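Let me begin by presenting the structure, written as C-alpha cells, before commenting on it.
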There are 2 protein chains.
Amino acid sequence: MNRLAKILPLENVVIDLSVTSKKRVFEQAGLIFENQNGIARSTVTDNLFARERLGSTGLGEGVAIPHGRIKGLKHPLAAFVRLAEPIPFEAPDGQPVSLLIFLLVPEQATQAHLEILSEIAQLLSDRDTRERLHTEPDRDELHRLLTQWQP
Amino acid sequence: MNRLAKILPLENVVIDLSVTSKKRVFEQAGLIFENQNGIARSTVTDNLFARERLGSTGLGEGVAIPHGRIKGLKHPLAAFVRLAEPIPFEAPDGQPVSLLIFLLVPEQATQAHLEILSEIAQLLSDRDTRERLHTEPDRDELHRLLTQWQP
C-alpha cells in the first residue's frame, strides 16, 4: 500500500500559500476539501479549530498534522499545504510551521484511522523526507513522494 | 487531560532492558501487558508483529510506537520501554531504537484511538522531550513526564 494514495489526490497538493493566520490556513484548507468533496468549507475549518484549540497538532520543526471529524463524510480526506512564510502555530518546539498535511475522518471510526494518521506522522517526522518536501517545486513530484512513501 | 494517563500506569514504565531481538522486546512488551491486564503475553507479541512486518513503527531517532489490535480488550493499554543497547528496528532513518512506547487498542475502534496515538507520536517526535526520556533514571519521574505532557 501507499495509504495516503487513495485519500490525498493531486488536487489536494497545494504549493506555496502566502498566508498570515492559523485561521487563515484553516480557511484555505477548508476551500481545498470543499473542492474535491461536497463538504462546506466552513465546517472543515470550524472542526479543525474544534481540535487545534484543544492542543496543537504541530509535530515539531515546521510540521503539523491538523485533523478532525466530519459529520457526513463517507471516506477520510487529506491535503497537503506549504507556506511561503512559516506561521506561528504553537508547535511543541516553539518553531513556526510551513509544512502541513491535513486529515479529515468520518464520525464513524475505523481501525484504519489510527494507521493512516500514524503513517502521516511518521512521514513528516523523518527529517530526510521533511527536507525533500520543504524544497520540491514540481507538484507532480510532491504528490508522488507523499502517496508512495513505503510502497 | 493527560491522555496517556489513564492507560499507561507506573507498572508499565520499564527502565533499561538488556535485550537483543526486535522479537525479544516484543516478547517482553507482551509480559508487561500480561501483568496489569488478563491478556496472554503471546497474543500481544504476535499481534505487534502482525503490524511490524506490515511496516516499521519506528518514528526516527531511536523512537518507536509499536501498536496493534487485541481481540478481547475492553479499554486501550500502553507501555514504555527503554533499552540498554539500541536495537536494529528498520527505522525510517536507519538508526537503532532504544526508546519505545507501546499501544494496544480494542478491535472496536474509537474516535479516541487516533488522538491517543497522535499524542504519543507528537511526544516522542519532539526532541527536547526525546532527550529527557533518554536520560532520566528516576522511574516515578519518567511516568510523571509521560502522563503529564500537555496538562
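All residue names refer to the C-alpha cells as shown: chains lettered A, B, ... in order, residues numbered from 1 in each chain, ligands numbered from 1 in order.
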Each residue of stretch 40-134 of chain A with at least one atom at most 10 Å from stretch 25-28 of chain A should appear once, together with its nearest atom pair and the corresponding distance in Å (one decimal); atoms considered: only C-alpha atoms; ordering: chain, then increasing residue number; output as a tab-separated table.
```
residue	atom	partner	partner_atom	distance
A:41	CA	A:27	CA	7.3
A:42	CA	A:27	CA	7.4
A:43	CA	A:27	CA	9.8
A:44	CA	A:26	CA	7.9
A:45	CA	A:26	CA	5.2
A:46	CA	A:26	CA	8.3
A:47	CA	A:26	CA	9.5
A:48	CA	A:26	CA	7.1
A:49	CA	A:26	CA	8.0
A:66	CA	A:26	CA	8.7
A:81	CA	A:25	CA	8.6
A:82	CA	A:25	CA	9.9
A:83	CA	A:25	CA	8.8
A:87	CA	A:25	CA	9.2
A:100	CA	A:25	CA	9.8
A:102	CA	A:26	CA	9.3
```
Within 10 Å of stretch 11-23 of chain B, counting only C-alpha atoms, which residues qualify if same-chain residues fewer than 2 places away don't, as an mmCIF file with C-alpha atoms, in the first residue's frame?
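Listed below is the output, part26.cif:
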```cif
data_model
loop_
_atom_site.group_PDB
_atom_site.id
_atom_site.type_symbol
_atom_site.label_atom_id
_atom_site.label_comp_id
_atom_site.auth_asym_id
_atom_site.auth_seq_id
_atom_site.Cartn_x
_atom_site.Cartn_y
_atom_site.Cartn_z
ATOM 1 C CA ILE B 7 -3.875 3.764 30.105
ATOM 2 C CA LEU B 8 -0.183 3.860 30.954
ATOM 3 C CA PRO B 9 0.328 3.005 34.616
ATOM 4 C CA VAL B 25 11.374 -6.635 23.098
ATOM 5 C CA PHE B 26 8.015 -7.576 21.688
ATOM 6 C CA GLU B 27 8.137 -10.691 23.960
ATOM 7 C CA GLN B 28 8.934 -8.559 26.977
ATOM 8 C CA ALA B 29 6.366 -5.962 25.942
ATOM 9 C CA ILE B 32 4.268 -6.196 30.698
ATOM 10 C CA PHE B 33 0.676 -6.014 29.477
ATOM 11 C CA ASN B 35 0.871 -8.272 34.110
ATOM 12 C CA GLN B 36 -1.577 -5.433 34.631
ATOM 13 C CA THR B 45 3.622 -10.109 20.826
ATOM 14 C CA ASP B 46 2.058 -11.974 17.846
ATOM 15 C CA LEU B 48 2.557 -6.426 17.318
ATOM 16 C CA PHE B 49 4.443 -8.341 14.602
ATOM 17 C CA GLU B 52 5.518 -4.539 12.443
ATOM 18 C CA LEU B 77 -3.387 -0.230 27.071
ATOM 19 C CA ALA B 78 0.042 1.378 26.875
ATOM 20 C CA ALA B 79 3.654 0.804 27.988
ATOM 21 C CA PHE B 80 7.056 2.412 27.853
ATOM 22 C CA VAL B 81 10.369 0.635 27.446
ATOM 23 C CA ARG B 82 13.970 1.823 27.413
ATOM 24 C CA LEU B 83 16.728 -0.307 26.113
ATOM 25 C CA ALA B 84 20.301 -0.636 27.340
ATOM 26 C CA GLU B 85 21.501 -1.054 23.805
ATOM 27 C CA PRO B 86 19.512 0.425 20.921
ATOM 28 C CA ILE B 87 18.308 -2.437 18.679
ATOM 29 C CA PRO B 88 18.095 -2.573 14.843
ATOM 30 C CA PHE B 89 14.469 -1.753 14.176
ATOM 31 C CA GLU B 90 14.370 -0.844 10.498
ATOM 32 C CA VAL B 97 15.770 2.095 18.553
ATOM 33 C CA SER B 98 16.166 2.452 22.352
ATOM 34 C CA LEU B 99 13.019 4.385 23.305
ATOM 35 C CA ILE B 101 6.031 3.387 23.820
ATOM 36 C CA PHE B 102 3.644 0.530 23.055
ATOM 37 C CA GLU B 136 16.021 10.161 33.177
ATOM 38 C CA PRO B 137 16.825 7.431 35.776
ATOM 39 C CA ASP B 138 14.009 8.042 38.280
ATOM 40 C CA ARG B 139 11.060 5.852 37.206
ATOM 41 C CA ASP B 140 8.480 7.970 39.041
ATOM 42 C CA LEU B 142 9.564 9.144 33.687
ATOM 43 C CA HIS B 143 5.926 8.273 34.465
ATOM 44 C CA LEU B 146 4.853 10.744 30.092
#
```
Give the helix (DSSP H, G or I) residues of chain B, as assigned by DSSP on the backbone, as a PDB file with N, CA and C atoms, in the first residue's frame.
```
ATOM      1  N   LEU B  10       2.209   3.160  36.127  1.00  0.00           N
ATOM      2  CA  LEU B  10       3.601   3.108  36.550  1.00  0.00           C
ATOM      3  C   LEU B  10       4.188   1.717  36.314  1.00  0.00           C
ATOM      4  N   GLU B  11       3.370   0.681  36.530  1.00  0.00           N
ATOM      5  CA  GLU B  11       3.775  -0.708  36.300  1.00  0.00           C
ATOM      6  C   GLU B  11       4.364  -0.833  34.923  1.00  0.00           C
ATOM      7  N   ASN B  12       3.839  -0.029  33.994  1.00  0.00           N
ATOM      8  CA  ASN B  12       4.098  -0.180  32.581  1.00  0.00           C
ATOM      9  C   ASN B  12       5.183   0.753  32.085  1.00  0.00           C
ATOM     10  N   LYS B  22      14.277  -7.661  17.914  1.00  0.00           N
ATOM     11  CA  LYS B  22      13.004  -6.945  17.819  1.00  0.00           C
ATOM     12  C   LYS B  22      11.938  -7.837  18.424  1.00  0.00           C
ATOM     13  N   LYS B  23      12.074  -9.147  18.192  1.00  0.00           N
ATOM     14  CA  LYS B  23      11.230 -10.180  18.795  1.00  0.00           C
ATOM     15  C   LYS B  23      11.375 -10.216  20.312  1.00  0.00           C
ATOM     16  N   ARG B  24      12.596 -10.020  20.782  1.00  0.00           N
ATOM     17  CA  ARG B  24      12.870 -10.054  22.198  1.00  0.00           C
ATOM     18  C   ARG B  24      12.099  -8.988  22.981  1.00  0.00           C
ATOM     19  N   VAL B  25      12.046  -7.775  22.440  1.00  0.00           N
ATOM     20  CA  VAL B  25      11.374  -6.635  23.098  1.00  0.00           C
ATOM     21  C   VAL B  25       9.892  -6.854  23.076  1.00  0.00           C
ATOM     22  N   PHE B  26       9.406  -7.242  21.900  1.00  0.00           N
ATOM     23  CA  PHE B  26       8.015  -7.576  21.688  1.00  0.00           C
ATOM     24  C   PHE B  26       7.532  -8.662  22.673  1.00  0.00           C
ATOM     25  N   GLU B  27       8.404  -9.642  22.967  1.00  0.00           N
ATOM     26  CA  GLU B  27       8.137 -10.691  23.960  1.00  0.00           C
ATOM     27  C   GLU B  27       8.021 -10.113  25.372  1.00  0.00           C
ATOM     28  N   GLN B  28       8.959  -9.241  25.711  1.00  0.00           N
ATOM     29  CA  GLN B  28       8.934  -8.559  26.977  1.00  0.00           C
ATOM     30  C   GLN B  28       7.780  -7.572  27.062  1.00  0.00           C
ATOM     31  N   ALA B  29       7.506  -6.865  25.972  1.00  0.00           N
ATOM     32  CA  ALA B  29       6.366  -5.962  25.942  1.00  0.00           C
ATOM     33  C   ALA B  29       5.103  -6.751  26.239  1.00  0.00           C
ATOM     34  N   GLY B  30       5.042  -7.981  25.711  1.00  0.00           N
ATOM     35  CA  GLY B  30       3.982  -8.953  25.990  1.00  0.00           C
ATOM     36  C   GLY B  30       3.841  -9.319  27.461  1.00  0.00           C
ATOM     37  N   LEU B  31       4.967  -9.505  28.148  1.00  0.00           N
ATOM     38  CA  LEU B  31       4.945  -9.790  29.580  1.00  0.00           C
ATOM     39  C   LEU B  31       4.432  -8.619  30.413  1.00  0.00           C
ATOM     40  N   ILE B  32       4.706  -7.394  29.967  1.00  0.00           N
ATOM     41  CA  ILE B  32       4.268  -6.196  30.698  1.00  0.00           C
ATOM     42  C   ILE B  32       2.744  -6.067  30.742  1.00  0.00           C
ATOM     43  N   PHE B  33       2.114  -6.138  29.572  1.00  0.00           N
ATOM     44  CA  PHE B  33       0.676  -6.014  29.477  1.00  0.00           C
ATOM     45  C   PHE B  33      -0.028  -7.182  30.159  1.00  0.00           C
ATOM     46  N   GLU B  34       0.511  -8.375  29.937  1.00  0.00           N
ATOM     47  CA  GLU B  34       0.092  -9.588  30.616  1.00  0.00           C
ATOM     48  C   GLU B  34       0.053  -9.392  32.134  1.00  0.00           C
ATOM     49  N   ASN B  35       0.886  -8.505  32.671  1.00  0.00           N
ATOM     50  CA  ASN B  35       0.871  -8.272  34.110  1.00  0.00           C
ATOM     51  C   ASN B  35      -0.274  -7.446  34.651  1.00  0.00           C
ATOM     52  N   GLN B  36      -0.531  -6.279  34.075  1.00  0.00           N
ATOM     53  CA  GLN B  36      -1.577  -5.433  34.631  1.00  0.00           C
ATOM     54  C   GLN B  36      -2.952  -5.693  34.009  1.00  0.00           C
ATOM     55  N   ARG B  41       0.352 -13.007  27.096  1.00  0.00           N
ATOM     56  CA  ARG B  41       1.563 -12.323  26.631  1.00  0.00           C
ATOM     57  C   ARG B  41       1.857 -12.594  25.151  1.00  0.00           C
ATOM     58  N   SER B  42       1.622 -13.844  24.733  1.00  0.00           N
ATOM     59  CA  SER B  42       1.748 -14.324  23.355  1.00  0.00           C
ATOM     60  C   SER B  42       0.914 -13.574  22.326  1.00  0.00           C
ATOM     61  N   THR B  43      -0.331 -13.273  22.670  1.00  0.00           N
ATOM     62  CA  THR B  43      -1.252 -12.608  21.765  1.00  0.00           C
ATOM     63  C   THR B  43      -0.807 -11.172  21.498  1.00  0.00           C
ATOM     64  N   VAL B  44      -0.333 -10.497  22.527  1.00  0.00           N
ATOM     65  CA  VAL B  44       0.253  -9.184  22.362  1.00  0.00           C
ATOM     66  C   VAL B  44       1.449  -9.222  21.421  1.00  0.00           C
ATOM     67  N   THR B  45       2.424 -10.099  21.665  1.00  0.00           N
ATOM     68  CA  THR B  45       3.622 -10.109  20.826  1.00  0.00           C
ATOM     69  C   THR B  45       3.293 -10.497  19.376  1.00  0.00           C
ATOM     70  N   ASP B  46       2.520 -11.567  19.180  1.00  0.00           N
ATOM     71  CA  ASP B  46       2.058 -11.974  17.846  1.00  0.00           C
ATOM     72  C   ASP B  46       1.408 -10.819  17.102  1.00  0.00           C
ATOM     73  N   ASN B  47       0.581 -10.057  17.806  1.00  0.00           N
ATOM     74  CA  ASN B  47      -0.198  -9.011  17.177  1.00  0.00           C
ATOM     75  C   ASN B  47       0.615  -7.786  16.798  1.00  0.00           C
ATOM     76  N   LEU B  48       1.674  -7.547  17.565  1.00  0.00           N
ATOM     77  CA  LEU B  48       2.557  -6.426  17.318  1.00  0.00           C
ATOM     78  C   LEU B  48       3.355  -6.655  16.022  1.00  0.00           C
ATOM     79  N   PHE B  49       3.827  -7.890  15.845  1.00  0.00           N
ATOM     80  CA  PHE B  49       4.443  -8.341  14.602  1.00  0.00           C
ATOM     81  C   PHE B  49       3.462  -8.324  13.452  1.00  0.00           C
ATOM     82  N   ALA B  50       2.262  -8.836  13.699  1.00  0.00           N
ATOM     83  CA  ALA B  50       1.169  -8.702  12.748  1.00  0.00           C
ATOM     84  C   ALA B  50       0.898  -7.208  12.426  1.00  0.00           C
ATOM     85  N   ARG B  51       1.862  -6.353  12.751  1.00  0.00           N
ATOM     86  CA  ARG B  51       1.756  -4.958  12.397  1.00  0.00           C
ATOM     87  C   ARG B  51       3.114  -4.456  11.991  1.00  0.00           C
ATOM     88  N   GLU B  52       4.140  -4.962  12.668  1.00  0.00           N
ATOM     89  CA  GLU B  52       5.518  -4.539  12.443  1.00  0.00           C
ATOM     90  C   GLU B  52       6.102  -5.064  11.141  1.00  0.00           C
ATOM     91  N   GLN B 111     -13.074   6.865  18.157  1.00  0.00           N
ATOM     92  CA  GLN B 111     -12.568   8.177  17.783  1.00  0.00           C
ATOM     93  C   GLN B 111     -11.285   8.589  18.563  1.00  0.00           C
ATOM     94  N   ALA B 112     -11.187   8.158  19.818  1.00  0.00           N
ATOM     95  CA  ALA B 112     -10.046   8.468  20.697  1.00  0.00           C
ATOM     96  C   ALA B 112      -8.753   7.803  20.277  1.00  0.00           C
ATOM     97  N   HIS B 113      -8.851   6.644  19.637  1.00  0.00           N
ATOM     98  CA  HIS B 113      -7.677   5.862  19.270  1.00  0.00           C
ATOM     99  C   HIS B 113      -6.709   6.701  18.454  1.00  0.00           C
ATOM    100  N   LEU B 114      -7.235   7.434  17.481  1.00  0.00           N
ATOM    101  CA  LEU B 114      -6.440   8.291  16.639  1.00  0.00           C
ATOM    102  C   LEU B 114      -5.718   9.360  17.433  1.00  0.00           C
ATOM    103  N   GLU B 115      -6.444   9.996  18.355  1.00  0.00           N
ATOM    104  CA  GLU B 115      -5.934  11.143  19.128  1.00  0.00           C
ATOM    105  C   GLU B 115      -4.957  10.694  20.224  1.00  0.00           C
ATOM    106  N   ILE B 116      -5.021   9.422  20.593  1.00  0.00           N
ATOM    107  CA  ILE B 116      -4.112   8.944  21.616  1.00  0.00           C
ATOM    108  C   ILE B 116      -2.781   8.482  21.020  1.00  0.00           C
ATOM    109  N   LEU B 117      -2.841   7.798  19.888  1.00  0.00           N
ATOM    110  CA  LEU B 117      -1.652   7.518  19.087  1.00  0.00           C
ATOM    111  C   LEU B 117      -0.999   8.806  18.628  1.00  0.00           C
ATOM    112  N   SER B 118      -1.806   9.814  18.292  1.00  0.00           N
ATOM    113  CA  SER B 118      -1.246  11.055  17.759  1.00  0.00           C
ATOM    114  C   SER B 118      -0.546  11.831  18.860  1.00  0.00           C
ATOM    115  N   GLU B 119      -1.060  11.741  20.077  1.00  0.00           N
ATOM    116  CA  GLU B 119      -0.426  12.381  21.204  1.00  0.00           C
ATOM    117  C   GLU B 119       0.949  11.767  21.513  1.00  0.00           C
ATOM    118  N   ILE B 120       1.007  10.442  21.433  1.00  0.00           N
ATOM    119  CA  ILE B 120       2.224   9.654  21.655  1.00  0.00           C
ATOM    120  C   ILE B 120       3.294  10.056  20.643  1.00  0.00           C
ATOM    121  N   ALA B 121       2.903  10.028  19.369  1.00  0.00           N
ATOM    122  CA  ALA B 121       3.763  10.400  18.264  1.00  0.00           C
ATOM    123  C   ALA B 121       4.373  11.791  18.489  1.00  0.00           C
ATOM    124  N   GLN B 122       3.542  12.745  18.865  1.00  0.00           N
ATOM    125  CA  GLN B 122       3.945  14.123  18.948  1.00  0.00           C
ATOM    126  C   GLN B 122       4.946  14.297  20.075  1.00  0.00           C
ATOM    127  N   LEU B 123       4.738  13.474  21.096  1.00  0.00           N
ATOM    128  CA  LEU B 123       5.541  13.451  22.308  1.00  0.00           C
ATOM    129  C   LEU B 123       6.939  12.892  22.048  1.00  0.00           C
ATOM    130  N   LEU B 124       6.991  11.724  21.427  1.00  0.00           N
ATOM    131  CA  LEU B 124       8.250  11.104  21.058  1.00  0.00           C
ATOM    132  C   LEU B 124       8.982  11.926  20.000  1.00  0.00           C
ATOM    133  N   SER B 125       8.198  12.501  19.088  1.00  0.00           N
ATOM    134  CA  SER B 125       8.693  13.280  17.965  1.00  0.00           C
ATOM    135  C   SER B 125       9.489  14.499  18.419  1.00  0.00           C
ATOM    136  N   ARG B 127      12.141  16.552  20.145  1.00  0.00           N
ATOM    137  CA  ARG B 127      13.465  16.078  20.591  1.00  0.00           C
ATOM    138  C   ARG B 127      13.987  16.688  21.897  1.00  0.00           C
ATOM    139  N   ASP B 128      13.445  17.843  22.264  1.00  0.00           N
ATOM    140  CA  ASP B 128      13.665  18.405  23.588  1.00  0.00           C
ATOM    141  C   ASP B 128      13.214  17.365  24.628  1.00  0.00           C
ATOM    142  N   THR B 129      12.085  16.708  24.366  1.00  0.00           N
ATOM    143  CA  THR B 129      11.493  15.703  25.257  1.00  0.00           C
ATOM    144  C   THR B 129      12.220  14.381  25.106  1.00  0.00           C
ATOM    145  N   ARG B 130      12.391  13.968  23.853  1.00  0.00           N
ATOM    146  CA  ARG B 130      13.114  12.763  23.461  1.00  0.00           C
ATOM    147  C   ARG B 130      14.394  12.588  24.282  1.00  0.00           C
ATOM    148  N   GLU B 131      15.126  13.682  24.513  1.00  0.00           N
ATOM    149  CA  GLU B 131      16.334  13.655  25.352  1.00  0.00           C
ATOM    150  C   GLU B 131      16.038  13.384  26.830  1.00  0.00           C
ATOM    151  N   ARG B 132      15.018  14.037  27.399  1.00  0.00           N
ATOM    152  CA  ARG B 132      14.652  13.840  28.812  1.00  0.00           C
ATOM    153  C   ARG B 132      14.324  12.393  29.101  1.00  0.00           C
ATOM    154  N   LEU B 133      13.652  11.737  28.159  1.00  0.00           N
ATOM    155  CA  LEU B 133      13.303  10.322  28.299  1.00  0.00           C
ATOM    156  C   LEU B 133      14.523   9.435  28.158  1.00  0.00           C
ATOM    157  N   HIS B 134      15.461   9.868  27.325  1.00  0.00           N
ATOM    158  CA  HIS B 134      16.658   9.091  27.052  1.00  0.00           C
ATOM    159  C   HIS B 134      17.615   9.130  28.231  1.00  0.00           C
ATOM    160  N   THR B 135      17.463  10.117  29.104  1.00  0.00           N
ATOM    161  CA  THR B 135      18.422  10.290  30.197  1.00  0.00           C
ATOM    162  C   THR B 135      17.886   9.998  31.602  1.00  0.00           C
ATOM    163  N   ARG B 139      12.195   6.462  37.903  1.00  0.00           N
ATOM    164  CA  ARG B 139      11.060   5.852  37.206  1.00  0.00           C
ATOM    165  C   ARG B 139       9.750   6.594  37.455  1.00  0.00           C
ATOM    166  N   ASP B 140       9.609   7.130  38.662  1.00  0.00           N
ATOM    167  CA  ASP B 140       8.480   7.970  39.041  1.00  0.00           C
ATOM    168  C   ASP B 140       8.418   9.182  38.120  1.00  0.00           C
ATOM    169  N   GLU B 141       9.589   9.714  37.785  1.00  0.00           N
ATOM    170  CA  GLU B 141       9.696  10.953  37.018  1.00  0.00           C
ATOM    171  C   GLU B 141       9.450  10.721  35.540  1.00  0.00           C
ATOM    172  N   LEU B 142       9.860   9.555  35.055  1.00  0.00           N
ATOM    173  CA  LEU B 142       9.564   9.144  33.687  1.00  0.00           C
ATOM    174  C   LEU B 142       8.085   8.818  33.482  1.00  0.00           C
ATOM    175  N   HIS B 143       7.379   8.437  34.548  1.00  0.00           N
ATOM    176  CA  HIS B 143       5.926   8.273  34.465  1.00  0.00           C
ATOM    177  C   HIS B 143       5.262   9.650  34.454  1.00  0.00           C
ATOM    178  N   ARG B 144       5.596  10.495  35.431  1.00  0.00           N
ATOM    179  CA  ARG B 144       5.006  11.832  35.552  1.00  0.00           C
ATOM    180  C   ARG B 144       5.099  12.611  34.249  1.00  0.00           C
ATOM    181  N   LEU B 145       6.284  12.606  33.645  1.00  0.00           N
ATOM    182  CA  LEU B 145       6.542  13.289  32.376  1.00  0.00           C
ATOM    183  C   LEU B 145       5.704  12.730  31.226  1.00  0.00           C
ATOM    184  N   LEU B 146       5.650  11.402  31.113  1.00  0.00           N
ATOM    185  CA  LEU B 146       4.853  10.744  30.092  1.00  0.00           C
ATOM    186  C   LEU B 146       3.392  11.094  30.222  1.00  0.00           C
TER     187      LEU B 146
END
```
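Distances to residue A:91 were evaluated for A:2, A:57, A:37, A:150 using only C-alpha atoms, and the minimum falls at A:57.
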Legend entry - Filtered DSSP result for stretch 38-148 of chain A, state strand (DSSP E), as a VMD selection string: chain A and resid 58 to 60 63 to 64 67 to 70 77 to 87 97 to 106
Inset, instruction - Measuring atom to atom with only C-alpha atoms, identify which of B:59, B:103, B:65, B:54 is nearest to chain A. - result: B:59
Legend entry - Distance of atom CA of residue A:4 from atom CA of residue A:147, expressed in Å to one decimal place: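 So the two atoms, atom CA of residue A:147 and atom CA of residue A:4, lie 5.1 Å apart.
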